[PDB]
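First the structure, in the form of structure tokens, and then the observations on it.
Only this structure's heavy atoms are used, side chains among them; waters, hydrogens and symmetry mates stay out. The first residue of the sequence shown is numbered 1, and numbering continues consecutively from there.
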Amino acid sequence: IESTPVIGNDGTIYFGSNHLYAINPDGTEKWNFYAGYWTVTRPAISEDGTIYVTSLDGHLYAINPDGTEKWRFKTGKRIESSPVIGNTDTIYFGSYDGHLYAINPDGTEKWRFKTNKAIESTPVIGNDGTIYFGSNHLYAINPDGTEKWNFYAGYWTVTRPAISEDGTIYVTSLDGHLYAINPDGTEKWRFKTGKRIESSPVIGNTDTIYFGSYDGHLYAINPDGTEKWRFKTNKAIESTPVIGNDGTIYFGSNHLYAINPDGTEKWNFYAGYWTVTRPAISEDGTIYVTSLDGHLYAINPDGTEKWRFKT
């Protein structure tokens, strides 16, 4: 499976399925990290430049900025959860054994927090260091490894949360709700769509909350829980949207869509015969996406192709 591209602070683009490629912004290959047949996730990158990915066969890899392996942490259990960093360089990821793992920067385990469901989603670190993850419900964990609270969207699984500047926590649920949750874990409001949601919410522009639906619409929800607009496409939106520095809302599905803050279409980018990943956007405004045959595309802000890369 191709991962969402990630842009390091220095502009390097990291992408790939079971190889981790590091690409310079001019489209040349910098290095190639290979860990075996297993897909690795999009990386999280620490303040000191260490690159972390999880592999499907249960490793957390720490990789140096030149692509050499620094260490590996082994669990022997499936990982679909992409790692995140917080609380002074701690690395967290979810396991199919049901634990949230916390790993120290030296590759030793800090703690593991047990749950009764596989954690398939990416954890989220709040400004106060709370670690959140969505699975059979929304879990909030303290940095010390103790439970802070749990929020239930009834019976149904929820996505990883988005957290606003004012501390509101948002998740979507499989049955089609967007939930707004207060910092203390109590429900603020809910918004119903009546169709499946697998897309996670993102916040941008004037605290607006965006998510995709299996009805094929991109939804934009005001912070009071009322609908701002919906944008129709011909295919379920299963991936999570992305907000650029100019407020454009992007999402990847059968092609790459760019939507203006007002809900109108900005442009469409097609990657030939292939569906595409979630995009990444660089500070200079270049958009990156991978097609499912493994082409990394660099796309200018106006929707024209800047370059493409496949090894």
Side-chain angles (χ1 to χ4, degrees), residues 4 117 119-128 130-140 148-164 166-191 193-244 247-254 257-266 278-279:
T4 308
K117 199 87 175 24
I119 303 170
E120 306 183 35
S121 62
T122 302
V124 175
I125 311 305
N127 286 349
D128 72 347
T130 300
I131 306 106
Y132 306 85
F133 58 94
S135 61
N136 49 2
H137 56 264
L138 179 61
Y139 300 75
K148 189 195 216 315
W149 47 250
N150 301 287
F151 176 84
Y152 289 80
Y155 187 77
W156 299 108
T157 60
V158 299
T159 54
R160 72 100 185 88
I163 304 175
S164 79
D166 85 352
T168 308
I169 301 153
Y170 302 93
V171 298
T172 56
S173 65
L174 197 70
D175 64 295
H177 285 88
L178 176 71
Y179 287 93
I181 302 151
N182 291 307
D184 66 1
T186 59
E187 175 172 338
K188 191 187 187 185
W189 46 253
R190 70 184 68 182
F191 173 85
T193 66
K195 192 91 46 149
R196 187 176 183 101
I197 303 171
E198 296 192 21
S199 174
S200 310
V202 288
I203 305 162
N205 294 304
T206 320
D207 312 300
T208 305
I209 308 101
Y210 310 87
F211 66 90
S213 171
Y214 269 62
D215 69 22
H217 289 91
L218 171 72
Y219 286 79
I221 305 304
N222 295 305
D224 68 356
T226 58
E227 185 177 327
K228 186 186 223 310
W229 47 249
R230 66 179 73 174
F231 179 88
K232 181 177 179 69
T233 84
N234 70 350
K235 192 179 189 190
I237 301 171
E238 310 167 71
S239 59
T240 294
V242 172
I243 318 286
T248 302
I249 305 104
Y250 306 83
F251 57 93
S253 63
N254 44 14
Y257 295 72
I259 309 308
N260 295 305
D262 69 3
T264 56
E265 171 185 285
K266 191 180 191 180
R278 177 176 202 230

Atom OG in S121, atom CZ in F133: separation rounded to 0.5 Å?
8.0 Å

Test salt bridge (charged side-chain N to carboxylate O under 4.0 Å, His left out) applied to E265 - qualifying residues, sequence neighbours left out
none

Report the distance from atom OG of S135 to atom CZ of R160, rounding to the nearest 0.5 Å.
14.5 Å

For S199 and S213, indicate whether the former's side chain and the latter's backbone hold a donor-acceptor pair under 3.5 Å.
no

To the nearest 0.5 angstrom, please state how far the CD1 atom of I203 sits from the CD1 atom of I221.
12.5 Å

From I209 CD1 over to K228 NZ, what is the distance, rounded to the nearest 0.5 angstrom?
11.0 Å

Correct closest heavy-atom pair for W189 and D224 would be NE1-C, 3.5 Å

With rounding to the nearest 0.5 angstrom, report the CD1 to CG distance, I249 to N260.
7.5 Å

Contacts of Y257 meeting side-chain hydrogen bond (donor to acceptor under 3.5 Å, both in side chains) (sequence neighbours excluded), chain-then-number -> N254

Residues passing the side-chain hydrogen bond (donor to acceptor under 3.5 Å, both in side chains) test with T159, sequence neighbours excluded, are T172

Could you tell me whether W156 atom CH2 has more than 12 heavy atoms of other residues or ligands within 6.0 Å of it?
no

Any luck finding a side-chain donor-acceptor pair between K266 and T248 under 3.5 Å?
yes

Set of salt bridge (charged side-chain N to carboxylate O under 4.0 Å, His left out) partners for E198, sequence neighbours left out
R196

Taking side-chain hydrogen bond (donor to acceptor under 3.5 Å, both in side chains) as the definition, give me every residue that meets it alongside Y210, ordered by chain and number, with sequence neighbours left out.
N205

Test of understanding: with side-chain hydrogen bond (donor to acceptor under 3.5 Å, both in side chains), list the residues that count as partners of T206, not counting sequence neighbours.
none

Min side-chain heavy-atom separation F211-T193 under 4.5 Å
yes

Check whether any side-chain heavy atom of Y219 lies under 4.5 Å from a side-chain heavy atom of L178, and answer yes or no.
no

